[PDB]
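Below is one structure, written out as structure tokens; comments come after it.
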Amino acid sequence: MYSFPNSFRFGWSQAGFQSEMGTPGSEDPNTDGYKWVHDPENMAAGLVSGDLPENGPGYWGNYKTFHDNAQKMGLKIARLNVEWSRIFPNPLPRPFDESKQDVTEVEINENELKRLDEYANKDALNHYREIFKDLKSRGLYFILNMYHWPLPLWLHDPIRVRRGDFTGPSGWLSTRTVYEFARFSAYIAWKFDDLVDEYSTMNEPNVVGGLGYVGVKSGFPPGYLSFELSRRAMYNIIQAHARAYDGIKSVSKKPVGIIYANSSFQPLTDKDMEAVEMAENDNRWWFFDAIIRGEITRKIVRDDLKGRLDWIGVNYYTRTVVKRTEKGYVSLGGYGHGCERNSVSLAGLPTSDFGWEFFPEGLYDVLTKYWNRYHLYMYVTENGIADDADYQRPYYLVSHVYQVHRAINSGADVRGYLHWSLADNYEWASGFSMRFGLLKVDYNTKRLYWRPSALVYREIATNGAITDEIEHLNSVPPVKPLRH
Ligand SMILES: c1ccc2[nH]ccc2c1
Ligand SMILES: [Cl-]
Ligand SMILES: [Cl-]
Ligand SMILES: [Cl-]
């Protein structure tokens with residue numbers, strides 16, 4: 001058996017936009033994301049699937065049933081977010097020098113919190129309190145994340161930006177967003193600190209910058225192709241994290257971390273290790289060096305950025321294979337997240353419904369890399385597979401959990417494993433077709449079914465271990481019987 005520390009917790013992660021809607025009174029039309037996925041031109045271009053989030057799994061209304069299943073599954077931790085748009089659906093008065101590039105301080109005080117409170121949607125706040133109270137009543141440890149991609153529409157009209165009009169609300173391209181996000185985070189900690197165990201400011205900030213302004217075929221708003229603006233968005237998202245960290249800490253003593261989209265960079269050949277290091281610098285270290293060490297390029301240290309992190313949330317799905325080139329490195333198709341769907345990679349490893357390669361060793365790589373560089377504790381905040389049939393997920397689950405065990409054995413302080421996700425949900429531009437749940441959702445009835453992987457996870461969580469009887473699942477799904 002592979003046993004975990006007695007304090008180690010198994011659980012799940014979930015996002016508001018992806019899981020909340022689907023039940024009466026739940027629709028939130030007030031985000032960039034809602035506008036984006038409903039846009040007729042985006043649908044005609046195939047940038048978004050045409051599936052609509054309001055037809056989703058209905059956590060807003062059915063949370064007790066989600067929690068009942070998690071409780072029966074033995075889960076002991078959950079990571080969820082509040083949707084900013086639900087709490088502040090309406091424009092706040094303009095505050096503050098918008099032309100100023102750096103935001104080094106956003107003042108928080110009781111009077112300001114009380115004034116913000118006057119603008120908050122009380123029905124939404126109360127409803128989140130009811131959800132989170134129910135969660136805590138299952139004995140679940142609670143990580144509250146402030147931001148998981150959609151912005152209030154009054155801060156970002158993504159169709160205007162897509163069209164190249166920068167005269168309106170421009171999301172992360174504006175320091176106004178940075179300012180308001182810091183205030184929003186402090187406010188949420190002020191209101192919910194009694195229920196929360198740990199905080200994260202944001203989820204996968206690198207995806208917001210990278211897919212929103214470079215990987216524009218992905219269908220991530222605002223889909224405006226610009227290297228320069230991608231950089232501007234990331235610079236702002238970095239100071240927004242630091243100002244949110246300071247804001248939460250002005251009202252709470254609890255740990256504040258961040259959750260990031262990771263890949264394990266792997267060499268095509270034994271001559272490509274320099275490519276790996278470059279890829280890690282360019283996708284990972286530049287960002288964390290900024291919020292941990294204060295190191296940014298203008299190369300300088302910003303005292304207002306340094307030390308703004310207590311823990312690191314690792315989201316890991318697959319590797320990225322890279323090779324050294326004249327001008328630096330390139331990633332290779334046919335491996336990692338760039339494979340055909342339901343096939344095999346160029347390495348002969350099976351791929352998921354999303355075309356993502358089976359590569360659990362990469363999770364050990366990422367955990368140990370972060371540990372060795374920063375020595376901050378971690379949670380695995382996402383790990384999962386698109387697999388409606390459940391053919392690969394039993395192996396995927398056990399294999400990746402084993403690698404977390406290996407990482408802990410090697411010395412890394414990893415305090416939990418949160419699967420993505422408890423139930424199927426709205427997978428952004430791909431819609432409902434990509435099914436990541438331990439529980440399968442029938443979207444017509446909102447009914448939840450247990451995939452056999454859910455029974456496997458119950459064995460792991462309830463025993464706090466990969467037990468002897470399921471250790472054979474620490475292996476690659478047999479490829480012969482799968483499509484290839
Ligand atoms: C669809 C796809 C990606 C997204 N990011 C934020 C909202 C949203 C909607
Ligand atoms: Cl990474
Ligand atoms: Cl350090
Ligand atoms: Cl369905």
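Each chain of the structure tokens is named A, B, ... in the order shown, its residues numbered from 1; ligands are numbered from 1 in display order.
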With only C-alpha atoms and all ligand atoms counted, collect every polymer residue having an atom within 6 Å of ligand 4; state the result as a PDB file with C-alpha atoms, in the first residue's frame.
```
ATOM      1  CA  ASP A 442     -26.947  13.759 -17.134  1.00  0.00           C
ATOM      2  CA  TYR A 443     -27.471  17.420 -18.155  1.00  0.00           C
ATOM      3  CA  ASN A 444     -31.122  16.818 -19.021  1.00  0.00           C
TER       4      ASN A 444
END
```
Problem set entry | Filtered DSSP result for stretch 161-229 of chain A, state helix (DSSP H, G or I), as a VMD selection string | chain A and resid 161 to 162 171 to 173 175 to 192 205 to 213 216 to 218 227 to 229
Store the residues of this selection in a file with N, CA, C and O atoms, as a short mmCIF file (atom, residue, chain, number, x, y, z; two decimals), in the first residue's frame.
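After the write, part.cif holds the following:
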```
data_model
loop_
_atom_site.label_atom_id
_atom_site.label_comp_id
_atom_site.auth_asym_id
_atom_site.auth_seq_id
_atom_site.Cartn_x
_atom_site.Cartn_y
_atom_site.Cartn_z
N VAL A 161 -13.21 44.27 -27.22
CA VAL A 161 -11.77 44.10 -27.30
C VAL A 161 -11.39 43.17 -28.46
O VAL A 161 -10.43 43.45 -29.18
N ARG A 162 -12.18 42.12 -28.68
CA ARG A 162 -11.94 41.19 -29.78
C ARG A 162 -11.92 41.96 -31.09
O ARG A 162 -11.09 41.68 -31.98
N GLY A 171 -10.66 44.64 -19.04
CA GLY A 171 -10.22 43.52 -18.22
C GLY A 171 -8.83 43.68 -17.64
O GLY A 171 -8.48 44.72 -17.06
N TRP A 172 -7.99 42.66 -17.82
CA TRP A 172 -6.66 42.72 -17.25
C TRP A 172 -5.71 43.70 -17.93
O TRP A 172 -4.60 43.92 -17.47
N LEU A 173 -6.15 44.34 -19.01
CA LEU A 173 -5.33 45.37 -19.65
C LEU A 173 -5.44 46.68 -18.88
O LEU A 173 -4.76 47.67 -19.20
N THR A 175 -5.41 48.79 -15.07
CA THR A 175 -5.09 48.82 -13.65
C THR A 175 -6.34 49.01 -12.80
O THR A 175 -6.31 48.74 -11.61
N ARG A 176 -7.44 49.48 -13.39
CA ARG A 176 -8.71 49.57 -12.65
C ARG A 176 -9.12 48.19 -12.13
O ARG A 176 -9.64 48.05 -11.02
N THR A 177 -8.88 47.18 -12.96
CA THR A 177 -9.23 45.81 -12.62
C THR A 177 -8.37 45.33 -11.46
O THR A 177 -8.84 44.60 -10.58
N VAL A 178 -7.11 45.75 -11.47
CA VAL A 178 -6.16 45.38 -10.43
C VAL A 178 -6.63 45.96 -9.10
O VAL A 178 -6.74 45.23 -8.10
N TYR A 179 -6.91 47.25 -9.12
CA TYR A 179 -7.45 47.96 -7.98
C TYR A 179 -8.70 47.27 -7.42
O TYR A 179 -8.79 47.02 -6.21
N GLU A 180 -9.66 46.95 -8.29
CA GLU A 180 -10.95 46.47 -7.81
C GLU A 180 -10.83 45.04 -7.33
O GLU A 180 -11.53 44.63 -6.38
N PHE A 181 -9.93 44.28 -7.95
CA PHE A 181 -9.73 42.90 -7.56
C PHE A 181 -9.13 42.80 -6.16
O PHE A 181 -9.54 41.97 -5.36
N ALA A 182 -8.16 43.66 -5.85
CA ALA A 182 -7.61 43.71 -4.49
C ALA A 182 -8.71 43.99 -3.46
O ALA A 182 -8.80 43.34 -2.41
N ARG A 183 -9.57 44.97 -3.76
CA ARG A 183 -10.67 45.32 -2.86
C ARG A 183 -11.69 44.19 -2.75
O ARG A 183 -12.19 43.87 -1.65
N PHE A 184 -11.98 43.55 -3.88
CA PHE A 184 -12.90 42.42 -3.89
C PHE A 184 -12.41 41.27 -3.00
O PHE A 184 -13.18 40.71 -2.21
N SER A 185 -11.13 40.92 -3.13
CA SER A 185 -10.51 39.84 -2.34
C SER A 185 -10.54 40.13 -0.83
O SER A 185 -10.89 39.26 -0.03
N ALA A 186 -10.13 41.34 -0.44
CA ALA A 186 -10.14 41.71 0.97
C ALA A 186 -11.57 41.60 1.49
O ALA A 186 -11.78 41.10 2.60
N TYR A 187 -12.53 42.04 0.69
CA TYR A 187 -13.95 42.05 1.07
C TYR A 187 -14.47 40.63 1.29
O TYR A 187 -15.14 40.34 2.29
N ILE A 188 -14.13 39.73 0.37
CA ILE A 188 -14.57 38.36 0.52
C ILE A 188 -13.94 37.70 1.76
O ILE A 188 -14.63 36.99 2.50
N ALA A 189 -12.66 37.94 2.01
CA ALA A 189 -12.06 37.40 3.24
C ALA A 189 -12.73 37.99 4.50
O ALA A 189 -12.96 37.28 5.49
N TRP A 190 -13.06 39.27 4.45
CA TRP A 190 -13.75 39.96 5.55
C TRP A 190 -15.11 39.32 5.83
O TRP A 190 -15.51 39.16 6.98
N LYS A 191 -15.80 38.91 4.78
CA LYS A 191 -17.13 38.34 4.93
C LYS A 191 -17.12 36.84 5.28
O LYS A 191 -18.01 36.38 6.00
N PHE A 192 -16.13 36.08 4.79
CA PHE A 192 -16.18 34.62 4.91
C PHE A 192 -15.07 33.97 5.76
O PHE A 192 -14.97 32.75 5.82
N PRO A 205 -3.59 32.03 -13.69
CA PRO A 205 -3.41 33.37 -14.26
C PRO A 205 -2.63 33.33 -15.58
O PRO A 205 -2.86 34.18 -16.46
N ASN A 206 -1.74 32.36 -15.73
CA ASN A 206 -0.96 32.20 -16.95
C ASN A 206 -1.83 31.85 -18.16
O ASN A 206 -1.52 32.25 -19.28
N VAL A 207 -2.95 31.16 -17.93
CA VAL A 207 -3.87 30.80 -18.99
C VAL A 207 -4.65 32.05 -19.46
O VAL A 207 -4.88 32.24 -20.66
N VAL A 208 -4.99 32.91 -18.51
CA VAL A 208 -5.72 34.12 -18.83
C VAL A 208 -4.91 34.95 -19.80
O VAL A 208 -5.39 35.35 -20.86
N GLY A 209 -3.64 35.16 -19.46
CA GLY A 209 -2.76 35.92 -20.32
C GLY A 209 -2.41 35.21 -21.59
O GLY A 209 -2.47 35.78 -22.68
N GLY A 210 -2.07 33.93 -21.47
CA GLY A 210 -1.54 33.19 -22.60
C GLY A 210 -2.57 32.83 -23.65
O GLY A 210 -2.32 32.96 -24.85
N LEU A 211 -3.72 32.33 -23.22
CA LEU A 211 -4.74 31.96 -24.18
C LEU A 211 -5.59 33.15 -24.63
O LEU A 211 -6.05 33.17 -25.77
N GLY A 212 -5.80 34.12 -23.74
CA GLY A 212 -6.62 35.28 -24.07
C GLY A 212 -6.05 36.16 -25.19
O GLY A 212 -6.80 36.74 -25.97
N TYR A 213 -4.73 36.23 -25.26
CA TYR A 213 -4.05 37.17 -26.18
C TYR A 213 -2.97 36.52 -27.10
O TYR A 213 -2.30 37.24 -27.86
N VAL A 216 -5.21 32.26 -29.34
CA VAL A 216 -6.55 32.75 -29.60
C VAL A 216 -7.47 31.74 -30.30
O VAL A 216 -8.68 31.91 -30.29
N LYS A 217 -6.93 30.67 -30.89
CA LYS A 217 -7.79 29.64 -31.44
C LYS A 217 -8.51 28.87 -30.34
O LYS A 217 -9.48 28.14 -30.62
N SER A 218 -8.07 29.04 -29.09
CA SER A 218 -8.62 28.29 -27.97
C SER A 218 -10.02 28.74 -27.57
O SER A 218 -10.73 28.01 -26.88
N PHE A 227 1.20 39.91 -28.62
CA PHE A 227 2.27 39.59 -27.67
C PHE A 227 2.35 40.70 -26.61
O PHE A 227 2.49 40.41 -25.40
N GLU A 228 2.30 41.95 -27.07
CA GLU A 228 2.47 43.09 -26.19
C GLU A 228 1.36 43.12 -25.12
O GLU A 228 1.63 43.32 -23.92
N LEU A 229 0.11 42.92 -25.55
CA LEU A 229 -1.00 42.95 -24.61
C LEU A 229 -1.02 41.73 -23.68
O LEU A 229 -1.45 41.83 -22.52
#
```
For this session: Could you give me the residues within 10 Å of ligand 1, counting only C-alpha atoms and all ligand atoms, as a VMD selection string?
Result: chain A and resid 17 to 18 31 to 38 47 to 49 52 to 53 148 to 151 158 207 to 208 211 to 212 218 to 223 426 to 431
Could you turn the residues from that selection into a file that holds N, CA and C atoms, as a CSV table (one decimal), in the first residue's frame?
```
chain,number,residue,atom,x,y,z
A,17,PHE,N,-18.2,29.3,-12.6
A,17,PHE,CA,-18.8,29.4,-14.0
A,17,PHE,C,-19.0,28.0,-14.6
A,18,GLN,N,-18.2,27.0,-14.2
A,18,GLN,CA,-18.3,25.8,-14.9
A,18,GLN,C,-19.4,24.8,-14.3
A,31,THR,N,-21.1,38.4,-16.8
A,31,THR,CA,-19.6,38.2,-16.9
A,31,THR,C,-19.2,38.4,-18.4
A,32,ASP,N,-17.9,38.7,-18.6
A,32,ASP,CA,-17.3,38.5,-19.9
A,32,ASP,C,-17.6,37.1,-20.4
A,33,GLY,N,-17.4,36.1,-19.6
A,33,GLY,CA,-17.5,34.7,-20.1
A,33,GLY,C,-18.9,34.4,-20.6
A,34,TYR,N,-19.9,34.9,-19.9
A,34,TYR,CA,-21.3,34.6,-20.4
A,34,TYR,C,-21.5,35.3,-21.7
A,35,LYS,N,-21.1,36.5,-21.9
A,35,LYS,CA,-21.3,37.2,-23.1
A,35,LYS,C,-20.5,36.5,-24.2
A,36,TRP,N,-19.3,36.1,-23.9
A,36,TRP,CA,-18.4,35.5,-24.9
A,36,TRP,C,-19.0,34.2,-25.4
A,37,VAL,N,-19.5,33.3,-24.6
A,37,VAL,CA,-20.0,32.0,-25.1
A,37,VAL,C,-21.4,32.1,-25.8
A,38,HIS,N,-22.1,33.2,-25.6
A,38,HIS,CA,-23.3,33.4,-26.2
A,38,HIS,C,-23.2,34.2,-27.5
A,47,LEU,N,-15.3,29.3,-32.4
A,47,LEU,CA,-14.4,29.6,-31.3
A,47,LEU,C,-15.0,29.1,-29.9
A,48,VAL,N,-16.3,29.1,-29.8
A,48,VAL,CA,-17.0,28.4,-28.7
A,48,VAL,C,-17.9,27.3,-29.3
A,49,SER,N,-18.3,26.4,-28.4
A,49,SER,CA,-19.0,25.2,-28.8
A,49,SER,C,-20.4,25.4,-29.2
A,52,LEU,N,-24.2,26.1,-23.7
A,52,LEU,CA,-24.3,27.3,-22.8
A,52,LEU,C,-24.3,26.9,-21.4
A,53,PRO,N,-23.6,27.7,-20.5
A,53,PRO,CA,-23.4,27.3,-19.1
A,53,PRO,C,-24.7,27.2,-18.3
A,148,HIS,N,-11.5,32.7,-10.9
A,148,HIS,CA,-11.4,31.5,-11.8
A,148,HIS,C,-11.8,31.8,-13.2
A,149,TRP,N,-11.4,33.0,-13.7
A,149,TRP,CA,-11.4,33.5,-15.1
A,149,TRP,C,-12.5,34.6,-15.5
A,150,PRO,N,-13.8,34.3,-15.3
A,150,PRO,CA,-14.7,35.3,-15.7
A,150,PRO,C,-14.6,36.5,-14.8
A,151,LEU,N,-14.7,37.7,-15.5
A,151,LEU,CA,-14.7,39.0,-14.8
A,151,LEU,C,-16.1,39.6,-14.9
A,158,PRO,N,-15.6,41.7,-23.6
A,158,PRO,CA,-14.6,41.0,-24.4
A,158,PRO,C,-14.9,41.1,-25.9
A,207,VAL,N,-2.9,31.2,-17.9
A,207,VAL,CA,-3.9,30.8,-19.0
A,207,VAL,C,-4.6,32.0,-19.5
A,208,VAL,N,-5.0,32.9,-18.5
A,208,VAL,CA,-5.7,34.1,-18.8
A,208,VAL,C,-4.9,34.9,-19.8
A,211,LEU,N,-3.7,32.3,-23.2
A,211,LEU,CA,-4.7,32.0,-24.2
A,211,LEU,C,-5.6,33.1,-24.6
A,212,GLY,N,-5.8,34.1,-23.7
A,212,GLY,CA,-6.6,35.3,-24.1
A,212,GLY,C,-6.0,36.2,-25.2
A,218,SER,N,-8.1,29.0,-29.1
A,218,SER,CA,-8.6,28.3,-28.0
A,218,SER,C,-10.0,28.7,-27.6
A,219,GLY,N,-10.4,30.0,-28.0
A,219,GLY,CA,-11.7,30.5,-27.6
A,219,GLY,C,-11.8,31.1,-26.2
A,220,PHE,N,-10.7,31.5,-25.7
A,220,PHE,CA,-10.6,32.2,-24.4
A,220,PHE,C,-10.7,33.7,-24.6
A,221,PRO,N,-11.6,34.4,-23.9
A,221,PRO,CA,-11.8,35.8,-24.1
A,221,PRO,C,-10.5,36.7,-23.7
A,222,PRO,N,-10.3,37.8,-24.4
A,222,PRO,CA,-11.1,38.4,-25.5
A,222,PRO,C,-10.7,37.9,-26.9
A,223,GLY,N,-9.7,37.0,-27.0
A,223,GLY,CA,-9.2,36.5,-28.3
A,223,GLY,C,-8.6,37.5,-29.2
A,426,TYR,N,-18.9,22.4,-17.3
A,426,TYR,CA,-18.9,23.2,-18.6
A,426,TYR,C,-17.4,23.5,-18.8
A,427,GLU,N,-16.8,22.9,-19.9
A,427,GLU,CA,-15.4,23.0,-20.1
A,427,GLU,C,-15.1,24.1,-21.1
A,428,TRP,N,-15.5,25.3,-20.7
A,428,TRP,CA,-15.2,26.5,-21.4
A,428,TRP,C,-15.6,26.4,-22.9
A,429,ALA,N,-14.7,26.7,-23.8
A,429,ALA,CA,-15.0,26.7,-25.2
A,429,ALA,C,-15.4,25.4,-25.8
A,430,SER,N,-15.0,24.3,-25.1
A,430,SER,CA,-15.4,22.9,-25.5
A,430,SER,C,-16.7,22.5,-25.1
A,431,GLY,N,-17.4,23.3,-24.2
A,431,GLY,CA,-18.7,23.0,-23.8
A,431,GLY,C,-18.7,21.8,-22.9
```
Exercise. Which residues sit within 8 Å of ligand 3, counting only C-alpha atoms and all ligand atoms, listed as a ChimeraX atom specification?
Worked result: /A:289,292-293,373-375
The selected residues should be written to file as a PDB file, in the first residue's frame (atoms: C-alpha atoms).
```pdb
ATOM      1  CA  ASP A 289      10.124  34.617  -9.053  1.00  0.00           C
ATOM      2  CA  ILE A 292       7.902  35.226  -4.260  1.00  0.00           C
ATOM      3  CA  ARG A 293      11.170  37.080  -4.842  1.00  0.00           C
ATOM      4  CA  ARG A 373      13.361  26.147  -5.717  1.00  0.00           C
ATOM      5  CA  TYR A 374      11.079  27.821  -3.126  1.00  0.00           C
ATOM      6  CA  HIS A 375      10.439  25.345  -0.307  1.00  0.00           C
TER       7      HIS A 375
END
```
For this session: From stretch 209-408 of chain A, collect each residue whose DSSP state is strand (DSSP E) and return the set as a PyMOL selection string.
Result: chain A and resi 256-267+295-296+300-301+312-325+328-331+378-382
For this session: Find the distance between atom CA of residue A:139 and atom CA of residue A:124 and write it in Å to one decimal.
Result: 23.4 Å
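Between ligand 2 and the candidates A:434, A:309, A:278, A:330, the tightest atom-to-atom separation, counting only C-alpha atoms and all ligand atoms, involves A:278.
Remark: for residue A:203, the closest of the candidate residues A:344, A:404, A:225, A:314 is A:314 (distances computed over only C-alpha atoms).
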For this session: Give me the residues within 12 Å of residue A:3 as a ChimeraX atom specification, counting only C-alpha atoms and dropping any in the same chain fewer than 3 places off.
Result: /A:6-9,401-402,404-406,408-409,460-468,471
Problem set entry | Contacts of stretch 380-386 of chain A at 10 Å (only C-alpha atoms; same-chain gap of 5+ positions) as a VMD selection string | chain A and resid 10 to 14 78 to 79 143 203 258 to 262 312 to 318 341 to 342 351 to 358 360 363 367 392 to 393 396 to 397 400 to 401 404 414 to 422 424 427 433 to 438
Problem set entry | Exercise: residue A:23 partners within 9 Å, only C-alpha atoms, chain neighbours under 4 positions left out, as a ChimeraX atom specification | /A:27,54-62,446
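For the set A:294, A:394, A:255, A:334, the residue with the smallest atom-to-atom gap to residue A:451 is A:394, counting only C-alpha atoms.
As for atom CA of residue A:45 and atom CA of residue A:169, they are spaced 23.7 Å apart.
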Closest pair table for chain A residues within 8 Å of ligand 2, only C-alpha atoms and all ligand atoms, as CSV:
```
residue,atom,partner,partner_atom_place_in_ligand_line,distance
A:260,CA,ligand 2,1 (Cl),7.7
A:261,CA,ligand 2,1 (Cl),6.3
A:262,CA,ligand 2,1 (Cl),3.5
A:263,CA,ligand 2,1 (Cl),4.4
A:264,CA,ligand 2,1 (Cl),6.3
A:265,CA,ligand 2,1 (Cl),7.6
A:280,CA,ligand 2,1 (Cl),6.2
A:283,CA,ligand 2,1 (Cl),5.5
A:284,CA,ligand 2,1 (Cl),4.6
A:366,CA,ligand 2,1 (Cl),7.1
```
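Between residue A:340 and the candidates A:304, A:484, A:252, A:93, the tightest atom-to-atom separation, counting only C-alpha atoms, involves A:484.
The shortest atom-to-atom distance to residue A:447, with only C-alpha atoms taken into account, belongs to A:423 out of A:214, A:321, A:242, A:423.
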